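Residues per chain are reported as follows:
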Amino acid sequence: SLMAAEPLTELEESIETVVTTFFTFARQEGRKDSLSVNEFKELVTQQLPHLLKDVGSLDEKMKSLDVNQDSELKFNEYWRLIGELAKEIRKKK
Amino acid sequence: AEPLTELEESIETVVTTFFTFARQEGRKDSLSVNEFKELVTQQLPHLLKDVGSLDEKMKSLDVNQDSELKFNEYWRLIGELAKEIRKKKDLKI
Ligand SMILES: [Ca+2]
Ligand SMILES: [Ca+2]
Ligand SMILES: [Ca+2]
Ligand SMILES: [Ca+2]
């Protein structure tokens, strides 16, 4: 495929990175398709230290994002967080 | 000065791409059908390679039917693309 040899656009690569980051952190312990509270804290520390610099308690943040209260953040819950961050970014513009 | 992480820059790129295309014509905070077509063909040529008419896709995204894609409708599209990538990054065997 000719398009297969074309590098991802800057947007496509960014979207893919958002998704890969989730699985990179979610595979560290327990269920591989969900963030434990500790995996979530590592994600924030490692990858979201600036955008979430003023979020306050990460334990509480975990709780608010865990909308189905199952103690884990599956991709859809993680995605909701990314949306919240994107909205904040949109406002700095 | 505190430099962004890979994840943070990726999220920022998704937001800035929207505005880069929305400022072209009419309202600068929303995509006309024409700006949407250019964002897709320019910046989403792989991820939306197998998309049909762009005129219909625009209709599907424009949920409030006002012929403009504001950031939240564009975000819905990003979520869709993210979900598909997610399925690939976490293959069930
Ligand atoms: Ca896990
Ligand atoms: Ca949950
Ligand atoms: Ca516009
Ligand atoms: Ca609309």
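Residues numbered from 1 in each chain as written, not as in the entry; some residues may be left out. Chains lettered and ligands numbered in written order. Heavy atoms only, no water.

Its PDB header names X-ray crystallography as the technique used to obtain the model and reports a resolution of 2 Å.

Q: Could you clarify how one ought to interpret the UniProt feature "binding site: Ca(2+) 1" in chain A in this entry?
A: All names here are of chain A. The UniProt entry lists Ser-34 and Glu-39 under the feature "binding site: Ca(2+) 1", expressed in the numbering used here. Looking at where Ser-34 falls in the secondary structure, it is placed in strand β1 (residues 34-35). Ignoring any residue separated from it by four or fewer positions in sequence, one finds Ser-34 in contact with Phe-22, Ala-26, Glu-39, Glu-72, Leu-73 and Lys-74. Within the structure, the side chain of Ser-34 is placed 2.4 Å from the side chain of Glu-72, a separation counted as a polar contact. The exposure class of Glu-39 is buried, given its relative accessible area of 4%. Each residue touching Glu-39, except ones within four places of it in the same chain, is listed here: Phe-25, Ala-26, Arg-27, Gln-28, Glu-29 and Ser-34. Polar contacts involving the side chain of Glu-39 include one to the main-chain amide nitrogen of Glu-29, which spans 2.6 Å. (UniProt positions renumbered as here; feature names shortened; annotations may be inferred. Helix = DSSP H or I, 4+ residues; strand = E, 2+ residues; numbered from the N terminus. Contact = heavy atoms within 4.5 Å. Polar contact = N/O pair within 3.5 Å; in protein donor to acceptor, adjacent residues only side chain to side chain. Buried < 20%, exposed > 50% of the residue type's maximum accessible area, 1.4 Å probe, protein only.)

Q: I keep staring at the coordination of the calcium ion (ligand 2) and nothing clicks. Help me out?
A: Around a metal, the ideal angle is 109.5 degrees if four donors adopt a tetrahedral arrangement and 90 or 180 degrees if six donors adopt an octahedral arrangement. Residues and elements named next belong to chain A. Taken together, the protein donors to the calcium ion (ligand 2) comprise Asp-66 (OD), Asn-68 (OD1), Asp-70 (OD), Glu-72 (O), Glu-77 (OE) and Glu-77 (OE), at separations of 2.3 to 2.5 Å. For the calcium ion (ligand 2), the six donor atoms in the first shell make angles of 54 to 162 degrees at the metal, so the coordination geometry reads as irregular. All donor residues of the calcium ion (ligand 2) come from one chain, and their arrangement in sequence is D-x1-N-x1-D-x1-E-x4-E. Exposure remark for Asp-66: the relative accessible area of 8% places this residue in the buried category. (Donors = N, O, S within 2.8 Å, 3.2 Å for Na, K, Ca; no water. Tetrahedral: all angles 85-135°; square planar, octahedral: opposite > 155°, others 65-115°.)

Q: What is the right way to read unusual backbone geometry from this model?
A: What you tend to see is this: most non-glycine residues have negative phi, and most peptide bonds are trans. Within the chain, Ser-71 of chain A stands out as a residue other than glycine whose phi angle is a positive 70 degrees. Tracing the backbone through its elements, the reader meets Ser-71 of chain A in the loop between α3 (58-65) and β2 (73-74). The exposure class of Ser-71 of chain A is exposed, given its relative accessible area of 51%. With a phi close to 75 degrees, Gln-65 of chain B is a non-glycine residue in the positive phi region.

Q: Is there a simple way to explain the interface of chain B and chain A in this structure?
A: Many structure descriptions define interface size as the accessible area lost when the parts assemble. Between chain B and chain A, the contact holds 35 residues from the first and 36 residues from the second. Interface of chain B and chain A: buried area, both sides summed, is about 3200 Å²; carbon and sulfur atoms make up 71% of it. Run the count over chain B and chain A and you get two salt bridges. Two residues, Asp-90 of chain B and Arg-27 of chain A, come together in a salt bridge whose shortest N-O distance is 3.6 Å. The tally of links between chain B and chain A comes to nine residue pairs in polar contact. Only α1 (6-22), α2 (33-43) and α4 (71-89) of chain B provide two or more residues apiece to the side of chain B that touches chain A. Partitioned by chemical class, the residues of the side of chain B that touches chain A number 18 nonpolar, nine polar and eight charged. (Buried area = accessible area lost by both parts, 1.4 Å probe. Salt bridge = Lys/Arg side-chain N within 4 Å of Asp/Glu carboxyl O. Nonpolar A, V, L, I, M, F, W, Y, C, P; charged D, E, K, R; others polar.)

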